[PDB]
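By written order: A, B, C, D and E. Residues from 1 in each chain.
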């Protein structure tokens, strides 16, 4: 079949014989790796998806009995086989045939089940695909923190975000996609929508209080100056606190779909933002505060502020319990979690002050103390 | 007899199982290690041989010892990963010569190169000047080709090779279904 | 030509896969021998019996051979079994208590 | 702590079990405790940065068993014991 | 047979294990050379709450009682309350038990 391959290798399209030249040269020189990289070039070429279907079977064969190269090349080309073919019925036989074919030398079975579950993330199945996704993250907690496989796992949790069940685990994995991005080589033209539903998904993730982790990471705000800055402004307001209800009102109605049923819960989230900011505002000098600034921050009545502080204690970001009879708001611990340069500088201020006070008392006791006691 | 230490640097890339050349010539050069270590054992049995790869994370597979019996075992479980690393493959042996027991054992390091070299000529002259500085007998054994075998590797050897009388030799093997074994046994380095 | 050699290679792989079991079972016994060799190094314990406890940590012991001593308490065990009426076990060094001695 | 110490550590993470690392000092001019136990564990990070071997401090104490106390105390004759009262309290209360 | 060529490393490991049992098996002969006296054994099972309880009660021929777990090698006809046993000097261990009559 090797001299029988020279016909259909030689006989080909108009522009393909340029890469059939080096493809037949590396084919005759029988270097499986250079032939492999030429296959990655030919799949990487935007071919017509018309005359490639025979070489899908041909280098599917040569890739099966080549028994040499890391078969993730075969994984990617067979993903392009099913992407060209759109036949999930034989795709399971293909992927299972690779599972029987790929022995245990390198555990690429995480990318196998990633591919299988990925194709099973069609409308046919959701639950057991999610369960074998849970198996994919369950398999290797070892040293391969390469995260290429695990950014493909983020693609699996993105198709799990196509299920409207969970905003949060897509956002928890979107922190991991926030950390596993390398450079801007992947499509800015894509990164518009990546940052767009990343921002909407960051908002609609309902297991979080802060947005300053997302806005803190600079590759997103450097990817969103291309984007229209109506959204960076309100994520900056949702990070830094809404002293207004008009701007967060206009973006509360700017995003039209699905935001009404979430909207009151988002009010319940951003009404905690002013709380944690106003208890992070005054470090000392009458830490005690009152409900009038809270309700003035929240345009809410005094009948609901007990419900508001009960909710704030119900989240558990604050431990403050107020011993008042006449209405007062005394606070304890909350987490800053975002940044404040004024608290960097005030940190240096009270920090240096504490240092020279402890030094002052140490010299003060120690001067007469060493001379009388030693 | 001949009092010297032997260091080998072995390829573990997937370029050593390619179906053009010998059927996993990793085995063939492993048997070349067997015949040169038993031939050095027959010449002077007290010569010590260390074993290490050219991967990213190189690992001393066996510390330098004249007991090659377990070196025969350590030549297996080769872990065919990675591609190549040239510089720390040199530095991982040439400075590790100073840990040796017999200080009268002279310095000899070879390397089995089955991948194209990733280092530029600027690093080739820093390392060739580095080894010609510390004066180690270095025999360069280059298996397989994608581009030409020696273009800058030639002047890498000539700038690496001082001491024109009985200095180091260069091994350049052509393609051939003949072995690597008797073909590298053709210079005086086997003998 | 071709169809026979996969079955024959199944037979060569058979005769190679049948020679490991003659070693891998008795290597458990061989490693078990040195597991025992690490188990026989715990030596030199003596016995004793508790009648009267003056300090809650440190009390009077009564040896089988006759001479009486006072001992301490080990940081691992607690005062449950250390109540009197309990025959115990002791060490030559430091007179410590590793565990007790149940009568029969 | 050099960059190489993950790889130097990795050899004894392989052949030995999970190995502990100790940073001590070449010159004991540090008034603080010279020994710091750094557990060799990989921890998952909230920023999304890929998982790497991370050296978290495990708290340490320096104790001697029996005879090391006797030999050290015989070698010194300079250190004083617990000695509650004025001096050993008030010197800690000095420095 | 490429998957079955990893068996060679396993066999070299196990014949290496047979190379290295010679020394720790060699100390069996020099530790277990002479059971110096004869001591009465009374078998008494213990409980530790592995941490399993396993014990025996010893009485020397000079009527001195000590403490020890069940120790020695793999025992089948042992575990009896019997006599004529193997013992080293102050280790007071069990090495070689024999029937008296």
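Heads up, the rule we're going with is that a contact is a pair of C-beta atoms (placed from the backbone, for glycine too) under 8 Å apart; a residue touches a chain by one contact, two chains touch by 3 or more.
Traced through touching neighbours, the fewest hops from chain A to chain B number 1.
The chain pair with more C-beta contacts between its two chains, of B-E and A-D, is A-D. When chain centres are defined as mean Cα coordinates, E lies farthest from chain A. As a whole-number value, the distance joining the C-alpha centres of chain B and chain E reads 50 Å.
In terms of their C-alpha centroids, the spacing between chain A and chain E amounts to 59 Å. For the pair chain A and chain D, the distance between mean C-alpha positions equals 38 Å. Taking the mean of the C-alpha atoms as each chain's centre, chain D and chain E sit 39 Å apart.
Residue numbers of chain D whose C-beta contacts span two or more other chains: none are found. The touching residues of chain B, counted against chain E in their complex, run 70, 73, 76-77. On the chain E side of its complex with chain C, the touching residues are 1, 4, 7, 10-11, 14, 17-18, 21, 24-25, 27, 44, 46-48, 57, 63-69, 71-74, 90-93. Those residues of chain D that touch chain A in the shared complex are 42, 45-52, 86, 90-91, 94-95.
Looking at the complex, you find that chain E touches chain B at residues 6, 8-9, 12, 16.
Contact residues on chain B toward chain A in their complex (touch as defined above): 14-15, 17-20, 146.
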